[PDB]
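Novice: Experimental structure below, sequence on top.
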Amino acid sequence: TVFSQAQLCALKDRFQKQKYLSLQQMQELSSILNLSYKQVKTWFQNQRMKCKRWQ
């Protein structure tokens, strides 16, 4: 239920390139990292909610 440091890098890496992923893309990314899609899905949302200028 808690992301490893490498996983955080990988998610943070993509978010810097893409604030908005498609459902197919979030499924693809959750497979690589071995995390639930819901987990990946929530992560991006939480991430976007922190700043106005990422919305």
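Specialist: On my side now, so go ahead. Numbers count the residues shown, from 1 in each chain.

Novice: what's whichever strand or helix holds residue 12 packed up against?
Specialist: Using DSSP states H and E, residue 12 sits within helix 5-17. Applying 3 or more C-beta pairs under 8 Å, 6 or more residues apart in numbering; DSSP states H and E, we find helix 5-17 packed against helix 23-33, helix 37-49. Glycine gets a C-beta too; all of them are placed from N, C-alpha and C.

Novice: Turn these into CSV, including mean neighbour count and distance to residue 10.
Specialist: Below are these laid out as CSV (neighbours: other C-beta atoms under 10 Å; distance: least, C-beta to C-beta, whole Å):
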stretch, mean neighbour count, distance to residue 10
helix 23-33, 13, 6
helix 37-49, 14, 10
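
Novice: and the ones you listed as CSV, adding distance to residue 2?
Specialist: Output for the helices and strands packed on helix 5-17, formatted as CSV (distance: least, C-beta to C-beta, whole Å):
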stretch, distance to residue 2
helix 23-33, 13
helix 37-49, 10
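
Novice: hang on, residue 21 packs against residue 30?
Specialist: No: using C-beta atoms under 8 Å, residue 21 is not in contact with residue 30, being 10.3 Å away.

Novice: one step back: as PDB, could you dump the C-alpha coordinates of the helix holding residue 12?
Specialist: Extracted C-alpha coordinates of helix 5-17, given in PDB (Å, rounded to 0.1, in the frame of the first residue of the first chain):
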ATOM      1  CA  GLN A   5      11.400   5.000  -3.900                       C
ATOM      2  CA  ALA A   6      12.100   3.700  -7.500                       C
ATOM      3  CA  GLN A   7       8.300   3.600  -8.100                       C
ATOM      4  CA  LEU A   8       8.000   7.200  -6.900                       C
ATOM      5  CA  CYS A   9      10.700   8.300  -9.300                       C
ATOM      6  CA  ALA A  10       8.900   6.500 -12.200                       C
ATOM      7  CA  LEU A  11       5.600   8.100 -11.500                       C
ATOM      8  CA  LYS A  12       7.100  11.500 -10.800                       C
ATOM      9  CA  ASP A  13       9.100  11.100 -14.000                       C
ATOM     10  CA  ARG A  14       6.000  10.600 -16.100                       C
ATOM     11  CA  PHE A  15       4.000  13.300 -14.400                       C
ATOM     12  CA  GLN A  16       6.600  15.900 -15.400                       C
ATOM     13  CA  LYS A  17       6.000  14.900 -19.000                       C
END
